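Here is the structure we will look at, set down as structure tokens.
Where a number appears in this text, it was derived from the coordinates with a stated rule and is not lab data. Ideal geometry is used to build each Cβ from the backbone, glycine not excepted, and the neighbour counts take in all protein chains shown.
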Amino acid sequence: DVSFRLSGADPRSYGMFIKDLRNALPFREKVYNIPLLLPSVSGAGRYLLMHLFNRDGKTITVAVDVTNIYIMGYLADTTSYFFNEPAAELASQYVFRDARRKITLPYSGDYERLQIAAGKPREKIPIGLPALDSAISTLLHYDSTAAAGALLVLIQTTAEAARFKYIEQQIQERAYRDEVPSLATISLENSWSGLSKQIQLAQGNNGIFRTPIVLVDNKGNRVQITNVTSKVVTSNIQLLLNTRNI
């Protein structure tokens, strides 16, 4: 399991947690020195449990699918909550089985349903370490509208940070003040799947991408990744989604 405590947290410890989180995922290969995530894992071993403590020390346990690093649900003292989609229902067989109560949230856990539920698009929710502390507090007492926003902040400060070094570094920047994500950040979150595919396809095409990926990213709007020597590949993307799962 991996843990993070917001009390005493600074850009350094967060980075340490994110490094642990990455390291906790398994992989067999490395495509271009990036860890390729497994296509399938079976049983309880498919799920990683994160323990998040807020400043006051209250805690949730979050369940993450190690094949794609998707949050399945979480446990707040004696109640588990799970997204409304078949994968989370499947997870519910293996995790938080000792919970006194299992609640299914009125939505699936993809951004589009989550933004609708929260009333705000991602572009307008401040993320940061202060926001994560808040998120954790929100999740401790059920409110499904308020939990959609907390989970948009939770996904981004853990899963999206594990996935991309740029986004992890954004959050270290937001360790004592929250700020809405940059466009680059929204660009990157959306492109993980395509990027993973094109990088995997590039083996046996000389590191060249079959189809160009256009990121808005940090060229204001409209960058285009063509091959694996791009910095988004050498320096940024940190875990690849296995093509079988794409």
- As computed over segment 163-246, the Cα convex hull volume per residue (Å³): 89 Å³
- Note to self: C-alpha centroids of segment 134-157 and segment 1-60 sit apart, in Å, by 18 Å
- Query: Between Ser137 and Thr59, what is the spin-label point distance in nm, taking each point 7 Å from the Cα along the Cα→C-beta axis?
  - Reply: 2.0 nm
- Item | Protection proxy ranking, peptides 153-163, 79-89, average beta carbon neighbours within 10 Å, highest first | 153-163, 79-89
- Positive-end extreme of charge dipole, the chain - chosen from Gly119, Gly194, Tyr81 (charges on Cβ): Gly194
- Message: With the crude spin-label approximation of a point 7 Å out along Cα→Cβ, what separation in nm comes out for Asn190 versus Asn23?
- Response: 3.5 nm
- Cα shape, segment 110-234, gyration tensor, a/c 1.5 rule: prolate
- Note on the structure: The size of the Cβ-based charge dipole (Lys, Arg +1; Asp, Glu -1) of segment 163-246 about the Cα centre, to the nearest 20 debye, is 280 debye
- Query: What is the magnitude of the charge dipole of segment 93-235 about its Cα centre, with +1 placed on the Cβ of each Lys and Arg, -1 on the Cβ of each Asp and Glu, and no other charges, expressed in debye to the nearest 20?
  - Reply: 300 debye
- Item | Coordinate range along principal axes, alpha carbons of segment 1-162, Å, largest first | 41, 36, 31
- Task: Past 30 Å, Cα to Cα, is the threshold; run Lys30/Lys124; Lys30/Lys120; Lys19/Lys124; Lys58/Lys231; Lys19/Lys197 against it and keep the listed order.
- Result: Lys30/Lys124; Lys30/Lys120; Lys58/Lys231
- Any idea what the dipole of segment 1-162 comes to, in debye rounded to 20, about its Cα centre with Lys/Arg Cβ at +1 and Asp/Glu Cβ at -1? 160 debye
- Query: Short version: ³J(HN,Hα) in whole Hz for each residue of segment 25-34, in order, from phi by Karplus 6.51 cos²θ - 1.76 cosθ + 1.60 (θ = phi - 60°), x for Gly and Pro, what are they?
  - Reply: 6, x, 7, 9, 9, 10, 8, 6, 6, 9
- Message: Given R₀ = 45 Å, what would the calculated FRET efficiency be for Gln93 paired with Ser7, taking r from the Cβ atoms and rounding to 0.05?
- Response: 0.85
